[PDB]
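So here's one chain in two forms, each on its own in structure tokens, numbered structure 1 and structure 2.
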Structure 1
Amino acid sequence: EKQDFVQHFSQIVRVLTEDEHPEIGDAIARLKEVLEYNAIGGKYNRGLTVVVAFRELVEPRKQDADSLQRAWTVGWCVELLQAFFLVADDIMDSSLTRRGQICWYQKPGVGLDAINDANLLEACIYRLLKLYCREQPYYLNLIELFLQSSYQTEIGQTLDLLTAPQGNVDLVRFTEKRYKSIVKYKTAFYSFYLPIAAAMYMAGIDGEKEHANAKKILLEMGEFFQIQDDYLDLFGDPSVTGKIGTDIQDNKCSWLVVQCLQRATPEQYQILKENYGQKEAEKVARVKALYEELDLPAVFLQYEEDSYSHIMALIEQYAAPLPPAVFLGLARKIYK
């Protein structure tokens, strides 16, 4: 699946850089330059989920070339949203690397103009949508699905940045309730509900109750997903993850820190307190030591299994009337 999807990327790029009012040529050359560098190099879990869900939802007889194309197009739309969020996330998180290369905003000659660059990527989604699905009866729903999903993420992000003030030890606020809402808004909606709900709308399924049912499954899925992203932030092979963790020095409200706090003694708390949210490398090293002390990696592992089962029950409880494989597929690719 992955490869046919990626090969359609040359069509996306050329269409978005088509127009050539040559007054804007330099600007378009820069856009393509932004697309190449930030859309390529990920797993495509989101773009791929749109394509694959579409195939499993639309009558095969009804999968003409045209409609097939609108599907990976809307798939590259979810990847553009991803790219937009990442370029700006890496700046606000002050990241060094992403997807095995330096962050776009760390490239010599880019810096904070990457803010505009990210906005362009956001703009491209809507450019593609009008360019391929304008005469379709789901046009508004897709557009509306991307707008609201963007808002929900911005809100989650706001939550995030709010719970991790810089220069401020924020231990008190790392609760579970809090973590659950952050993750729901900043990751789950756009990474799990969005690409599937887009396939649904494309397959003519726009009922409110089906979408809610899929949502019930997809959100909880998305939560587990972020919890994995957190574990991997600290406990993962960068060469594999293509980026380096910052949550700790960024005083983030991670699943990890939320777990340490629920298992630590006063003596451990204070270690945590004088050590979390600081740039000092050994201070960061101190916290990981706590976590490893507290057996959190086994705990995470225990979670993955407890979680995998819950979602499974969920798919059981709510997949209908969609082919269960729509979700199983997702769960399989994000269950390691």
Structure 2
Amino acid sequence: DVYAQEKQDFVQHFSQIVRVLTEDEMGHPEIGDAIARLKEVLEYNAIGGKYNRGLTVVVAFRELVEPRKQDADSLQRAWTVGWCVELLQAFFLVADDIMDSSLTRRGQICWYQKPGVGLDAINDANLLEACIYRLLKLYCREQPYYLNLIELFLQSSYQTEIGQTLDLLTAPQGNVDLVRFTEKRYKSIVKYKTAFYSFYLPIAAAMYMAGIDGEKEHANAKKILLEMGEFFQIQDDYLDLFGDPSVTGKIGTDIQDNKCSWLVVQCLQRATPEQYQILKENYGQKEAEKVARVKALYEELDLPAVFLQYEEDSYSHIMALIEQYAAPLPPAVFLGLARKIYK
């Protein structure tokens, strides 16, 4: 498995990334302390996840470039670009965790929750973002796709932030309103908040690294990748509730947290005025009594079967997209990822 293989050389490349990002401290000892803090931030925040978005950059680079044109240097840049994706994510997670008052991330305490950190994590989240562009400069400045990468990370930050704004408008911190939890609104939040950076960004960055810079190829890649993104989030919402917590490594939280899960959208789409009332009361409460009452309504409305039919239809449609829009890219670029996303 292309991913499992690559994981070692990718994670060992983090040591280099940090060394390089703490190198300006040598010529400027004045900022040494801030750099020392920068090291803590990266070491805590960029490490610990599965590195799936970062690894997509590498996997795609290897499938888009001739093994002859995959010299030591190209690879060093490929791992760096994957790391910039992880850095982009680490920045939205640090920030999101502050914004949603989260306690834990990847099982460990959120960076902002650490004693001594707090709201100083806001500046930390900005520093993780700064590193993206610092790395792009250090590794890619002489490459023709340099401006291309800069722009894509930028466009992706804005897409995500715009997505976050939409999500923050939909489910406010102290407001319960299932009215604005529509299918049309859900797909948008997922497109802007998740899909762009999670799916478009990693292949898109490898495409540019391979010299595939065409507006249309990118648009074809985007057509496919955004749809995969839509399925991924819908699956994440399903696995949050109905998913066995052993394999996933997560416990049900969407219901308590008033989140705009696909389940609630579907529940709202298919409900009698009386069925809507029960959810109105139970959804959003930190009481196992009410949390179990919501799962009982989803079950009654046969949503686990509305999802199974959706996963069946989605995989079908994604293959129909791959057939239609892969060319001239190798279908393996999208098939490798689809394999990971669907079961």
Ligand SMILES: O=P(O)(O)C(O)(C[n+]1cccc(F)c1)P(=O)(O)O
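When a residue number appears, read it as a position in the sequence of structure 1, where counting begins at 1. Just so we're on the same page, rigid core means the largest C-alpha set that superposes within 1.5 Å between forms.
Note on provenance: structure 2 matches the form solved without the ligand. Fitting the two forms on the rigid core leaves the C-alpha of residue 185 displaced by under 2 angstroms between structure 1 and structure 2.
Core-superposed comparison between structure 1 and structure 2: the C-alpha position of residue 135 differs by less than 2 Å. The chain behaves as two rigid units between structure 1 and structure 2, and the smaller unit swings by 15° against the larger after C-alpha superposition. CA movement of residue 297 between structure 1 and structure 2 equals 3.3 Å, with the two forms superposed on the rigid core. Core fit done between structure 1 and structure 2; CA of residue 42 shifted by 0.7 Å. After superposing on the rigid core, the C-alpha of residue 282 is displaced by 4.6 Å between structure 1 and structure 2.
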